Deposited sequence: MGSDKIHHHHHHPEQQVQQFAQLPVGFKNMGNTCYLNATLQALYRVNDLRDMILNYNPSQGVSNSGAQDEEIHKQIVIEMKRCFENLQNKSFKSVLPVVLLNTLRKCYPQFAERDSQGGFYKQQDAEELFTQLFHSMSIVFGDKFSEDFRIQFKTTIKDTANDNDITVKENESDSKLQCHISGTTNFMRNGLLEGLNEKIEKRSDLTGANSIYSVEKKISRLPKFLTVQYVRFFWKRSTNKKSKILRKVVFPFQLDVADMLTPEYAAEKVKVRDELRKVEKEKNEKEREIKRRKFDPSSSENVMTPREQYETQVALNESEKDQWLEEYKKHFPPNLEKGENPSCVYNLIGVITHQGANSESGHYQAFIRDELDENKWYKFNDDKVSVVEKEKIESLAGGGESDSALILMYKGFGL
């Protein structure tokens, strides 16, 4: 009666890559907020970027789109945003409709633009820092440790052996006169928002053509990455996790018109949610960096899926967890929005030609 369905973006013809990506970004609370409050008078953070003005326009056009989503405009047509994106990143103007594109490539370029415009305020929420150990496979006294590698996502490598996301994340942290060196990353700083890429798209050698790995790879709703951290950082994050678990457990224990009553209940539920956020926050570590995850645990909040033979075919969708009711998920099939249950989300692990998870977004536990 009173609860309104979220709205989606109309597909202009092979532009579901953009639509699914925008829903996932909109779900990231801090990002949504900084875009919604962006004032062009504020300029950009990185005015070393030669194309500064077009990045600012990308943000402006995102803000307009986000204003239309927030204020539910039954359908949003991101025409000007697409044109703007194409001016900045001509790869997205390739034809053959315009050609279908890899959502990962869009995600990456949008991250670049948002980093130019907002700076550290944006990028610190996503930064993963590594401690890298570099050993000569032929000599285990030749050891070098580096602390300066970082990224804004983790890659989940998928081969025929891969059955769970953890398997692929662990493989992604390792790689290999001249010698073969093993290069082994452990995480020394976790972000509050953790993006995971399933490496599904690849160049098939046999056919000289783009293809896709269809293998089922199970992801968890609650992700714990303690085993990917340096020993020193794990000790810190596990201590936090164990206090947060105690709060979670304690939480699980505990004349107006009909419209007015609904609006009062929403207000009550938001207050109760905020009181629990404050209870978790009491246990956050004292020297936590802005944008850093307090613990080593995350909850899943969004999934970008793809169905089709390769990154230039088929269809992308987003599945987004409701911000209050953690059991509720929304399916954004462009402008067709529906409510689905946890079982439908689990089925996105893949296997065969089914719609399957490509990019996963996790938010830190207790946030």
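- Compare the deposited sequence with the modelled residues and state the ranges that are missing C-alpha positions. Gaps vs deposited seq, in order: 1 to 18, 91, 116 to 119, 200 to 208, 287 to 302.
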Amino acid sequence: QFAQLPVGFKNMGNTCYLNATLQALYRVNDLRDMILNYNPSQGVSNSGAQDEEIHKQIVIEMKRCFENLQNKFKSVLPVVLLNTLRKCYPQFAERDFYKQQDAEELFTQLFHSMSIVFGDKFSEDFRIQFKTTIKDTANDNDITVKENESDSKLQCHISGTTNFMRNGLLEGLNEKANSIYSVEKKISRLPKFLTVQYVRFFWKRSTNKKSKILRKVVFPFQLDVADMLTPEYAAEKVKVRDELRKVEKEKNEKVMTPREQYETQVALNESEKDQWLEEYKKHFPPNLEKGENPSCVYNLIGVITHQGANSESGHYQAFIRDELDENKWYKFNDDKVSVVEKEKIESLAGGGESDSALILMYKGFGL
From here on, numbers count along this sequence of modelled residues.
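- So 304 to 312 or 323 to 331, which one's hotter by mean CA B-factor in the entry? Per the PDB entry, the higher value belongs to 323 to 331.
- Message: Test of understanding: from the entry's C-alpha B-factors, which stretch has the higher mean, 190 to 198 or 126 to 134?
- Response: Looking at the record's C-alpha B-factors, the answer is 126 to 134.
- Item | Criterion, highest CA B-factor; candidates, 274, 104, 120, 224 | That would be 274.
- Most elevated Cα B-factor in the entry, residues 112, 146, 99, 210: Of the options given, 210 has the highest CA B-factor in the PDB entry.
- Message: Is residue 183 in the lowest, middle or highest third of its chain when residues are ranked by C-alpha B-factor?
- Response: According to the entry, residue 183 has a C-alpha B-factor in the chain's highest third.
- Chain-wide C-alpha B factor ranking for residue 285, given as lowest, middle or highest third: Ranked within chain, residue 285 CA B lands in the middle tercile.
- Rank-wise, by C-alpha B-factor, drop residue 259 into the lowest, middle or highest third of its chain. It falls in the top third of the chain.
- For residue 177, the third of its chain into which the C-alpha B factor falls: It belongs to the highest third of the chain when residues are ordered by C-alpha B-factor.
- Message: Per the entry's values, where does residue 155 land by CA temperature factor relative to the rest of its chain, in the lowest, middle or highest third?
- Response: Ranked within chain, residue 155 CA B lands in the middle tercile.
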